[PDB]
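Colleague: This one's experimental. Sequence and coordinates below.
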Amino acid sequence: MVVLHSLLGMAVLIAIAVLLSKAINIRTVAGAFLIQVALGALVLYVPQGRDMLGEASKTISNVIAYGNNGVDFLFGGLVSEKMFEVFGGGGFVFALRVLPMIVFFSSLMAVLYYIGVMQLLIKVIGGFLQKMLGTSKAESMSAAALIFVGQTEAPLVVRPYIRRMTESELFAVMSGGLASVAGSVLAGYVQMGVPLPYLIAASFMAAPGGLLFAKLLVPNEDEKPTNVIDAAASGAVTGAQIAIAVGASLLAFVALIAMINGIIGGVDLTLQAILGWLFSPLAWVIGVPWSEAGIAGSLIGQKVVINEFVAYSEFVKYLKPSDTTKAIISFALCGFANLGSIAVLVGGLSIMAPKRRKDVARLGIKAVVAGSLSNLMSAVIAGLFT
Amino acid sequence: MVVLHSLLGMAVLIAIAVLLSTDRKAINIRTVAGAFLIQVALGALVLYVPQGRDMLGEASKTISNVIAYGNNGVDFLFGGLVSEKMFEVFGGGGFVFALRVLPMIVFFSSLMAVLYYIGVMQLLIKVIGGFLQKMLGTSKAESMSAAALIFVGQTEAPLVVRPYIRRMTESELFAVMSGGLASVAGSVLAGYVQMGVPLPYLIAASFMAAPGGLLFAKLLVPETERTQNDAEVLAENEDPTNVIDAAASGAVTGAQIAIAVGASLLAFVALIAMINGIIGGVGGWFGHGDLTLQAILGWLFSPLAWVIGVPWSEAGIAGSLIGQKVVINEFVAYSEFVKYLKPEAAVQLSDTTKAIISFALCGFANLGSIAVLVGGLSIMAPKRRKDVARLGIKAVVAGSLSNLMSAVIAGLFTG
Amino acid sequence: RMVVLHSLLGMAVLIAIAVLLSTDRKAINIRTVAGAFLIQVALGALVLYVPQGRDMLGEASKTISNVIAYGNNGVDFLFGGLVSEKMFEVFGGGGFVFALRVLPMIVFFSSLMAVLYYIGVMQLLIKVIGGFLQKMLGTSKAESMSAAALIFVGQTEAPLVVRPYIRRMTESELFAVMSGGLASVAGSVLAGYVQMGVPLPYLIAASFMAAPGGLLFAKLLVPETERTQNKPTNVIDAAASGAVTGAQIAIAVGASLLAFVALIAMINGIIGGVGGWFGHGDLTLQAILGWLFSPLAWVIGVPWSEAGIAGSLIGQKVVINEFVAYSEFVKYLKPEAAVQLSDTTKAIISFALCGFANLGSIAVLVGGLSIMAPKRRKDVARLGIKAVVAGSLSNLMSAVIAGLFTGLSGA
């Protein structure tokens, strides 16, 4: 029963990467992967690993509780338990919980960035990744942000250094951004599914894993605030208008998916089944049983287009009245990687520097294939330390 | 029996245009009489001869499904806030206009944006444009601008005319303005459906506005200059990578529209309610405290409402709605029209009166629509911006009559 | 009686602090600061002391409120029954959704104040009040119109009435525009304050005092004294335009408060934690700023059993923003209030908090004013700190004049 399937999966995923690729730095990819599996192995298993995991996340669980009280003020009782007594799970509103947090996380990080807390963490961790793997400063810094900040909140930092940056790290930022899980996606889980430490685990894995699959084939006046209030205010506004963009995209995509599902019925096999039939070997290789590869394959297919939420909902529907396939599908669900986030990031980076946005559209979905395979690698890794 | 009263209407409507036209002698007849025939032909087509309503029913159920595919996205972003329970809890007010309409603007906007890059739009406009140019003698520029505005969402709307706008004649410049006001974007169209407006009438009101748009456009200011050849023009590349950026760019822009519409509604609805608090007050001493802006417009537009074919017994209402359409905007008219439509039936209206108004209210032709046109064309053709603003009122009248002509034909037929 | 010496003490302090922080305590003109103060206290007794005025102010609450009622008709149509009575029975106290019941009035008033601009109703009133101060206070016409302009008017129209006089203005004229802008408030925010549950009539008098009080401490710091010397298509487009701009503000305001509220809750989680090692695990920023502004809370004439509370609210405004202070002030006006404050206290606080004078306003003024006059962008950041004080003194001055003329309770 000792897993060879795990190492088999890692062998295949890295092989496909080479097949899809070549002359890459081996000291970069072997080290990045080493860091990925080691960090994940230690924080999950060996002592002081999970003990720390609970302390630096229960603090975050309080940060989320602060955001709740912030929403409680603005939206009143709609975010109370009165909805659940009438509509129940239908009383759960997506736009009142998933979107408004973007505002807070944007403003809060704008404060941390103004002080130097974010720069500190990014400069230290960034210097670590560029020393152990011999990578450029830009990508190593951007990855560090994606651990703490979301995906759309990362280019806000690595903007000026991202000007003349090569396409090598460009794919790295976008692949890391999609694989990233903090702020707006960490959001969802804690307030609906409530896995407290899954927030930290998937986040810390996202950046180095992202810098791994991406590095497979890697190698005029403005104004700024004076005080902290300006930063907290400006960040909120930026996070607000971004939230309007996010929520609009999500409604549209889910709606178009309902359309592509309707056109297939016309032309009784749903698209969710087609995705579950096609991407079934990917689950078989990852370690998921063949008996549950048809269902989890759909969620993977839903992970391709739809956000991780609808796939998570259908997952919990299977949970409500195996442990290996559950966690394997859980960490696979963790990550903001989807066809939606690509478009949002492309629009965000287009606002940063459209002069390079022309050739910065060639990668596109390749970043999703990188961020997903990176996070899926992190999921298969979690199956090794169950 | 008596279809003459409608033909009387058609005569007056077309007459008024000539009375206001710049030069009657310069009016081409093979152009206007043709488009007029196409409009009424399409009328008897989609209504009288059975097969027209069937193909209409196809698009009805189709769009209805497309709309239903949208709701699954809405019910996700806002949860089940709008359900059968919601109607039970909050009663009649349970129908949240903000959350049951504006999301469709985001959806259809993201739909048309996708169907545009694929070429599905570029193809349809090309065929229909090549038709109206071969029939009415008009050039390619207008015919594409007349065929497009039936289907296509706003703000990717100009790109068809974009290279032509900066150097076209007054009529061609006026024909686009008359079309833009006579037309109705698919985004707001879906909004009407959610309000309870009959979809089959919205679709039928659309395909009529294109020939009806060119009708009063060419009838007011005729073409006298040259139909510029294609080889003589020199365009500029736009600078929409793929389907990913298509649905996104179309959704986010549809959101900025949905938010913009909402504030405009909340404004006008509240401001009109304030004017009625002033009119009612001033008019109260004279013995009519119940007097309002709706009643005055109804009392004012009472005659015109009768000419199109509506009975006088229902003119006191018809004038208000059409009155509100022109002086306020398009939404406010329908919002105070669905009240007469639902089974509450404070006053029941005939199928003909309910239909003629469904077509009469279809159009952006309102005094508050000029700033959108001029504000949009100025960004493209800043040299003509002075000419576009001069033909402001003239265009609102044209687009209005175009919606009236489309209505008379609807009320005319009884099948 | 027998406040009156204690209030006059408070006023004299506010004037004293102005003379100290002034760049030149000798260039101050008597006819200006004495006149601007005289008008301020005069308008105070006018709407508070004489019964004939409380009738005017009472009339200037029914009218304004009736405008708010017309707005709610637009909100009820937009959201349906979400804000109706049914929501109260289900969610109780939480039924009052601050997002759907208050912000929509930021949208409506932003349109109305844009409809009255295309008509010329505003150009009429501004020209009147502006001309009056131009003759009496002797100020150059620019800041007089501006000072008169701000009271009613929403932002991004308000810069469009001073635009021609920005660059050509002096150090004083510039300081008077930014001082008044911080002294008074707009209609976009005033409308929300009523929906919040704040006494309207106090906000009216407060707004009318911010103009003379603004130019009082503005000119009480600057000399000037080197010789200053000298689009919508229709109504429908005017309304729709004002609605969209109001809508982009509402999203900005509501989103800023969500952040600001959640952050304060986070600060108390840290300071509460720090205090945990000190011994006081329940340490919050309210009491800290309470104790900090507690001395100042006594200068204006607040009881010692309430000066500790007012200081926490006055402090909350300055270091963050007024809109947050009003959110924790209405909890003391409820009929089930654990503590119902003194009838004189409830008035003074209202006049104190009414104003855009805080840190978050600086960054907005420096930026927006640089968009029009980019050359002076360096001078605004220099006077950005002094203007907030000059703007605060205006509101704190009106708070004393208010508390002084408290002869009757409201609501």
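Modeller: Noted; the coordinates are in hand. Numbers count the residues shown, from 1 in each chain, chains lettered A, B, ... in the order given.

Colleague: isn't residue A:249 right next to residue B:254, touching?
Modeller: No - the criterion here is CB atoms under 8 Å, and residue A:249 misses it with residue B:254 at 10.2 Å. Using the backbone N, CA and C atoms, a C-beta is placed for each residue, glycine as well.

Colleague: Which positions in the stretch 201-350 of chain A make contact with chain C?
Modeller: Residues of the stretch 201-350 of chain A found near chain C (CB under 8 Å from any CB of the partner chain) are A:223, A:225-227, A:229-230, A:232-237, A:239-241, A:243-244.

Colleague: Take these and keep only those in helices.
Modeller: Counting by DSSP state H, the part of these found in helices is A:229-230, A:232-237, A:239-241, A:243-244.

Colleague: between the residues you listed, which has the most around it?
Modeller: Within those, residue A:239 tops the neighbour count with 31 neighbours, counted by other CB atoms under 10 Å in any protein chain shown.

Colleague: residues near the closest residue to that one other than its chain neighbours, how many?
Modeller: Ranked by CB to CB, 6 or more residues apart in numbering or on different chains and with sequence neighbours excluded, the top spatial neighbour of residue A:239 is residue A:106, at 2.7 Å. Neighbour count of residue A:106, defined by other CB under 10 Å: 29.

Colleague: Same check on residue A:381?
Modeller: Here the number of neighbours of residue A:381 (other CB under 10 Å) works out to 23.

Colleague: Where does it fall, secondary structure wise?
Modeller: Per DSSP states H and E, residue A:381 falls inside helix A:365-382.

Colleague: quick revisit: buried set for the helix or strand harbouring the residue nearest to residue A:239?
Modeller: Per DSSP H and E, residue A:106 falls inside helix A:100-115. Residues A:100-114 are the ones in helix A:100-115 that count as buried (16 or more other CB atoms under 10 Å in any protein chain shown).

Colleague: got the CA positions of stretch A:79-87 in CSV?
Modeller: Provided in CSV are the C-alpha atoms of stretch A:79-87 (Å, rounded to 0.1, in the frame of the first residue of the first chain):
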residue,chain,number,x,y,z
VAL,A,79,-24.9,38.6,6.8
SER,A,80,-26.5,37.3,10.0
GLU,A,81,-28.1,33.9,10.8
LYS,A,82,-31.6,35.1,10.0
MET,A,83,-31.2,34.3,6.3
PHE,A,84,-30.5,30.6,7.2
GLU,A,85,-33.8,30.4,9.1
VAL,A,86,-35.7,31.3,5.9
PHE,A,87,-33.6,30.3,2.9
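
Colleague: Show me which positions of it end up buried.
Modeller: For stretch A:79-87, the neighbour count (16+ other CB under 10 Å) marks A:79-80, A:82-83, A:87 as buried.

Colleague: same thing with stretch A:373-386?
Modeller: Within stretch A:373-386, the residues that count as buried by 16+ other CB under 10 Å are A:373-385.

Colleague: residues contacting residue A:204?
Modeller: Shown in contact with residue A:204 (CB atoms under 8 Å, 6 or more residues apart in numbering or on different chains): A:39-40, A:43, A:147.

Colleague: One more pass at 10 Å, please.
Modeller: A:36, A:39-40, A:43, A:53, A:56, A:147-148, A:181-182, A:378 (CB atoms under 10 Å, 6 or more residues apart in numbering or on different chains).

Colleague: got a winner among those residues for most neighbours?
Modeller: residue A:181 (33 neighbours).

Colleague: Whatever residue of the stretch 1-150 of chain A ends up closest to chain B and chain C, how far apart?
Modeller: Going by CB to the nearest CB, chain B is nearest to residue A:90 of the stretch 1-150 of chain A, at 2.9 Å. Residue A:90 sits at a distance of 15 Å from chain C (criterion: CB to the nearest CB, to the nearest Å).

Colleague: That residue: neighbouring residues, count only.
Modeller: Residue A:90, neighbours per other CB under 10 Å, totals 17.

Colleague: ditto for residue A:116
Modeller: 10.

Colleague: Could you do residue A:196 as well?
Modeller: By other CB under 10 Å, the residues close to residue A:196 number 15.

Colleague: is it true that residue A:375 touches residue A:334?
Modeller: Yes - judged on CB atoms under 10 Å, residue A:375 makes contact with residue A:334 at a distance of 6.6 Å.

Colleague: Common neighbours of the two, please.
Modeller: Shared contacts of residue A:375 and residue A:334, defined by CB under 10 Å, 6+ apart, are found at A:179, A:181, A:202, A:205-206.

Colleague: out of the residues you listed, who has the most neighbours?
Modeller: Most neighbours among the shared contacts of residue A:375 and residue A:334, by other CB under 10 Å: residue A:179, with 38 neighbours.

Colleague: That one and chain B: what is the separation?
Modeller: Taking CB to the nearest CB as the measure, residue A:179 falls 18 Å from chain B.

Colleague: Any chance of TSV for the buried residues of stretch A:79-87, columns secondary structure and distance to chain B?
Modeller: Below are the buried residues of stretch A:79-87 laid out as TSV (DSSP: H, G, I helix; E, B strand; the rest coil; distance: CB to the nearest CB, whole Å):
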residue	secondary structure	distance to chain B
A:79	coil	11
A:80	coil	14
A:82	coil	11
A:83	coil	8
A:87	coil	5
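
Colleague: Output those residues as TSV; include the columns distance to chain C.
Modeller: TSV is the format used below for the buried residues of stretch A:79-87 (distance: CB to the nearest CB, whole Å):
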residue	distance to chain C
A:79	8
A:80	5
A:82	5
A:83	8
A:87	11
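
Colleague: rewinding a little: and chain B, is the helix holding residue A:381 touching that?
Modeller: Yes - residues of helix A:365-382 contacting chain B under CB under 10 Å from any CB of the partner chain: A:365, A:368.

Colleague: now the angle between helix B:243-282 and that helix, please.
Modeller: Helix A:365-382 and helix B:243-282 are oriented at 100 degrees to each other (axes from the mean of the first three to the mean of the last three CA atoms, to 10 degrees).

Colleague: What is helix A:365-382 packed up against?
Modeller: Helix A:365-382 sits against helix A:5-20, helix A:26-44, helix A:167-179, helix A:198-213, helix A:281-286, helix A:293-304, helix A:323-333, helix A:339-352, with contacts defined as 3 or more CB pairs under 10 Å, 6 or more residues apart in numbering or on different chains; DSSP states H and E.

Colleague: Count the residues that sit near residue A:225.
Modeller: Neighbour count of residue A:225, defined by other CB under 10 Å: 18.

Colleague: what's around the nearest residue to it once chain neighbours are set aside, how many residues?
Modeller: Nearest non-adjacent residue to residue A:225, counting by CB to CB, 6+ apart: residue A:231, 4.7 Å away. Using other CB under 10 Å, residue A:231 is surrounded by 22 other residues.

Colleague: Touching, residue A:231 and residue A:111? I think so.
Modeller: Yes - Residue A:231 is within contact range of residue A:111, at 5.6 Å (criterion: CB under 10 Å).

Colleague: surely residue A:236 meets residue A:108?
Modeller: Yes - applying CB under 10 Å, one finds residue A:236 in contact with residue A:108, separated by 9.2 Å.

Colleague: tell me the contacts of the residue nearest to residue A:357 when sequence neighbours are not counted?
Modeller: Nearest non-adjacent residue to residue A:357, counting by CB to CB, 6+ apart: residue A:350, 4.6 Å away. Taking CB under 10 Å, 6+ apart, we find residue A:350 in contact with A:356-358, A:360-361, B:245.

Colleague: Same list (the residues you listed) but as TSV, adding secondary structure.
Modeller: Below are the contacts of residue A:350 laid out as TSV (DSSP: H, G, I helix; E, B strand; the rest coil):
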residue	secondary structure
A:356	coil
A:357	coil
A:358	coil
A:360	helix
A:361	helix
B:245	helix
